[PDB]
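Pasted below: input08.cif, mmCIF, N, CA and C atoms.
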```
data_final
loop_
_atom_site.label_atom_id
_atom_site.label_comp_id
_atom_site.auth_asym_id
_atom_site.auth_seq_id
_atom_site.Cartn_x
_atom_site.Cartn_y
_atom_site.Cartn_z
N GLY A 1 -135.06 87.61 35.85
CA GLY A 1 -135.83 87.15 37.04
C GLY A 1 -135.75 85.63 37.15
N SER A 2 -135.55 84.97 36.01
CA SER A 2 -135.46 83.52 35.99
C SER A 2 -134.25 83.05 36.79
N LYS A 3 -133.27 83.93 36.94
CA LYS A 3 -132.06 83.59 37.68
C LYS A 3 -132.40 83.24 39.13
N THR A 4 -133.27 84.03 39.74
CA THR A 4 -133.68 83.79 41.12
C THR A 4 -134.74 82.70 41.18
N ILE A 5 -134.88 82.09 42.35
CA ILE A 5 -135.85 81.00 42.54
C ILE A 5 -137.29 81.49 42.33
N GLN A 6 -137.63 82.62 42.93
CA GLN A 6 -138.98 83.17 42.79
C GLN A 6 -140.04 82.09 43.03
N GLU A 7 -139.75 81.17 43.94
CA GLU A 7 -140.68 80.10 44.27
C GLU A 7 -141.26 79.43 43.02
N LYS A 8 -140.48 79.39 41.95
CA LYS A 8 -140.95 78.75 40.71
C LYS A 8 -141.19 77.26 40.94
N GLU A 9 -140.31 76.63 41.71
CA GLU A 9 -140.45 75.21 41.99
C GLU A 9 -141.74 74.94 42.77
N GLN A 10 -142.05 75.82 43.71
CA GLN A 10 -143.26 75.66 44.50
C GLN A 10 -144.50 75.76 43.62
N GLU A 11 -144.48 76.71 42.68
CA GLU A 11 -145.62 76.92 41.79
C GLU A 11 -145.87 75.68 40.92
N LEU A 12 -144.80 75.11 40.36
CA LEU A 12 -144.93 73.93 39.50
C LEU A 12 -144.17 72.74 40.08
N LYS A 13 -144.80 71.56 40.04
CA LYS A 13 -144.18 70.34 40.55
C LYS A 13 -144.28 69.22 39.51
N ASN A 14 -143.36 68.27 39.60
CA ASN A 14 -143.33 67.15 38.67
C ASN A 14 -144.62 66.33 38.75
N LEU A 15 -145.14 66.17 39.96
CA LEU A 15 -146.37 65.40 40.16
C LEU A 15 -147.51 66.02 39.36
N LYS A 16 -147.65 67.34 39.44
CA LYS A 16 -148.72 68.03 38.71
C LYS A 16 -148.33 68.21 37.24
N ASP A 17 -149.32 68.13 36.36
CA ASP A 17 -149.07 68.29 34.93
C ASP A 17 -150.36 68.66 34.20
N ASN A 18 -150.21 69.23 33.01
CA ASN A 18 -151.37 69.64 32.22
C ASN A 18 -151.90 68.46 31.39
N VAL A 19 -151.27 67.30 31.56
CA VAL A 19 -151.69 66.11 30.83
C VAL A 19 -153.12 65.74 31.20
N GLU A 20 -153.42 65.77 32.50
CA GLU A 20 -154.76 65.44 32.97
C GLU A 20 -155.79 66.40 32.39
N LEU A 21 -155.44 67.68 32.37
CA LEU A 21 -156.34 68.70 31.83
C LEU A 21 -156.58 68.46 30.34
N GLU A 22 -155.53 68.08 29.64
CA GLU A 22 -155.63 67.81 28.21
C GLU A 22 -156.60 66.66 27.95
N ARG A 23 -156.50 65.62 28.77
CA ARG A 23 -157.37 64.46 28.62
C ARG A 23 -158.83 64.86 28.83
N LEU A 24 -159.06 65.73 29.81
CA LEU A 24 -160.42 66.19 30.10
C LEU A 24 -161.01 66.90 28.89
N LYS A 25 -160.22 67.76 28.27
CA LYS A 25 -160.67 68.50 27.10
C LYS A 25 -161.00 67.54 25.96
N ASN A 26 -162.17 67.72 25.35
CA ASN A 26 -162.59 66.87 24.24
C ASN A 26 -162.32 67.55 22.90
N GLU A 27 -161.77 66.78 21.96
CA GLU A 27 -161.45 67.31 20.63
C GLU A 27 -161.80 66.28 19.55
N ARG A 28 -162.47 66.74 18.50
CA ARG A 28 -162.86 65.85 17.41
C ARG A 28 -161.64 65.41 16.62
N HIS A 29 -161.65 64.16 16.16
CA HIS A 29 -160.54 63.61 15.38
C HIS A 29 -161.06 62.82 14.18
N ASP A 30 -160.30 62.84 13.09
CA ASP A 30 -160.68 62.13 11.88
C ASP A 30 -160.17 60.69 11.91
N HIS A 31 -159.59 60.30 13.05
CA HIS A 31 -159.06 58.95 13.20
C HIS A 31 -159.04 58.54 14.67
N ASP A 32 -158.93 57.24 14.92
CA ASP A 32 -158.91 56.72 16.30
C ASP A 32 -157.60 55.98 16.57
N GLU A 33 -156.68 56.05 15.61
CA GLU A 33 -155.39 55.38 15.75
C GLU A 33 -154.61 55.97 16.92
N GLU A 34 -154.67 57.29 17.07
CA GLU A 34 -153.96 57.96 18.15
C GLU A 34 -154.46 57.47 19.51
N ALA A 35 -155.77 57.31 19.63
CA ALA A 35 -156.36 56.85 20.88
C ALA A 35 -155.85 55.46 21.24
N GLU A 36 -155.69 54.61 20.23
CA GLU A 36 -155.22 53.25 20.45
C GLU A 36 -153.81 53.25 21.04
N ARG A 37 -152.96 54.16 20.56
CA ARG A 37 -151.59 54.24 21.07
C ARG A 37 -151.59 54.61 22.55
N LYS A 38 -152.48 55.51 22.94
CA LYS A 38 -152.57 55.93 24.33
C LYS A 38 -152.96 54.75 25.22
N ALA A 39 -153.86 53.92 24.72
CA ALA A 39 -154.31 52.76 25.48
C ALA A 39 -153.14 51.82 25.76
N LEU A 40 -152.27 51.65 24.77
CA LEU A 40 -151.12 50.77 24.93
C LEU A 40 -150.22 51.27 26.06
N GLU A 41 -149.98 52.58 26.08
CA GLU A 41 -149.15 53.18 27.12
C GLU A 41 -149.77 52.96 28.50
N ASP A 42 -151.08 53.13 28.58
CA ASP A 42 -151.79 52.95 29.84
C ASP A 42 -151.63 51.52 30.34
N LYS A 43 -151.76 50.56 29.43
CA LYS A 43 -151.63 49.15 29.79
C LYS A 43 -150.24 48.88 30.37
N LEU A 44 -149.22 49.43 29.72
CA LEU A 44 -147.85 49.24 30.19
C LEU A 44 -147.67 49.87 31.57
N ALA A 45 -148.28 51.03 31.76
CA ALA A 45 -148.18 51.73 33.04
C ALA A 45 -148.78 50.88 34.16
N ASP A 46 -149.89 50.21 33.87
CA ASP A 46 -150.55 49.37 34.85
C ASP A 46 -149.62 48.24 35.29
N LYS A 47 -148.88 47.67 34.34
CA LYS A 47 -147.96 46.59 34.66
C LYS A 47 -146.63 47.16 35.13
N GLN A 48 -146.40 47.10 36.44
CA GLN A 48 -145.16 47.60 37.01
C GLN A 48 -144.90 46.96 38.37
N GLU A 49 -143.65 47.03 38.83
CA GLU A 49 -143.28 46.46 40.12
C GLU A 49 -144.02 47.15 41.26
N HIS A 50 -144.16 48.47 41.15
CA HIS A 50 -144.84 49.25 42.18
C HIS A 50 -144.15 49.08 43.52
N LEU A 51 -142.82 49.19 43.51
CA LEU A 51 -142.03 49.05 44.74
C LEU A 51 -141.62 50.43 45.25
N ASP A 52 -142.06 50.77 46.46
CA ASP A 52 -141.73 52.06 47.05
C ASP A 52 -142.11 53.20 46.11
N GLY A 53 -143.24 53.05 45.42
CA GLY A 53 -143.70 54.08 44.49
C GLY A 53 -142.99 53.94 43.15
N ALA A 54 -142.15 52.92 43.02
CA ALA A 54 -141.42 52.70 41.78
C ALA A 54 -140.67 53.96 41.36
N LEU A 55 -140.30 54.78 42.34
CA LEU A 55 -139.59 56.02 42.05
C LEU A 55 -138.24 55.72 41.41
N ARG A 56 -137.57 54.68 41.90
CA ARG A 56 -136.27 54.29 41.37
C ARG A 56 -136.39 53.90 39.90
N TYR A 57 -137.46 53.18 39.58
CA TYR A 57 -137.69 52.73 38.21
C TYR A 57 -138.22 53.88 37.36
#
```

Would you write the structure of this file as structure tokens?
Amino acid sequence: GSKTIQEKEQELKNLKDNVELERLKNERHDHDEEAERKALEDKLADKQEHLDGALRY
């Protein structure tokens, strides 16, 4: 069935992701180092050309 389109593309899109849902979910951790790494990525994301949606970049 995977051979046919079966509107699979319509069901799932690149824009949508389970990343947001994962962030919403709270989970206990024995460390905060992982959280720090995420902050770094966010900071980098904020700094961008933002030209035409920066789709090219």

Inset, instruction - Could you give me the residues within chain A that DSSP places in helix (DSSP H, G or I), as a PyMOL selection string? - result: chain A and resi 8-11+19-24+33-46+52-54

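The two atoms in question, atom N of residue A:35 and atom N of residue A:22, are spaced 14.7 Å apart.
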
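Here atom CA of residue A:54 and atom CA of residue A:16 stand 17.3 Å from one another.
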
Legend entry - From A:15, A:5, A:24, A:40, residue lying nearest residue A:55 [only C-alpha atoms]: A:15

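Separating atom C of residue A:9 from atom C of residue A:26 is a distance of 29.5 Å.
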